[PDB]
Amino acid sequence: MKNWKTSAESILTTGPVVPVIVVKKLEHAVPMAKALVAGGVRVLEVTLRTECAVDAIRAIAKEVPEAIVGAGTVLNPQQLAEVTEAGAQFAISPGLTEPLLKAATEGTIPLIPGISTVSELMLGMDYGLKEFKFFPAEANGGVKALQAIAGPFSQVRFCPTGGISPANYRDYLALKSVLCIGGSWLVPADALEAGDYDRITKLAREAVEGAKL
């Protein structure tokens, strides 16, 4: 993409696991991030599913510079602009639309949109994208689906998400067409509530180490 300094590819190749984060209380944003980074996980997807979403992104950006902070659940050109202004380094969407693809390519940060079918993948490719989110992974047909897609689209790379856990993330990471996976298991809800950042670091650490094959 002509206007992307940080390629989508670089974002997805930074690490094997990208935590899909849902921060309910702003205060938990930074400690959670530092907790994750401490465990070896740097690419953080802060989903726009809470009121403090945009503020948690800005906070993590200022206080945790090493973290590669981005926004998740970006659904339209305005949310994209909003997170871009708030310092998001990348944007991830559950699916794609033309208005979103357009505003993205014209923007400055990389967009890694989710797709479920090859028709959706083709729409994305028509806009020149090469990296995609495969969501929801299991529902879409999981590993087998990705293996089928690699036939007509050998150059395309994915980040499967949805139904991925330490019990199966290795099945996906093994595919050549898979660069990394998304998961929400790294940050247990109860964990933030209890201020158990220690646990979060162990999960992150275990995620990366278990990703070595």
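Numbers follow the displayed sequence, beginning with 1.
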Averaging the C-alpha temperature factors as deposited, the higher value of 70-78 versus 115-123 falls on 70-78
Taking the deposited Cα B-factors and averaging over 79-87 and over 134-142, the higher mean is found in 79-87
Based on the PDB entry, the highest CA temperature factor among the options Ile149, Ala53, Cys180, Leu175 is that of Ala53
Chain-relative C-alpha B factor for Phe153 (record values, thirds): the lowest
Chain thirds by Cα B factor, record data; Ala104 belongs to the highest
Chain thirds by Cα B factor, record data; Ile57 belongs to the highest
Of the three thirds of Cα B-factor ranks in this chain, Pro160 occupies the lowest
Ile11: CA B-factor among chain residues, third -> lowest
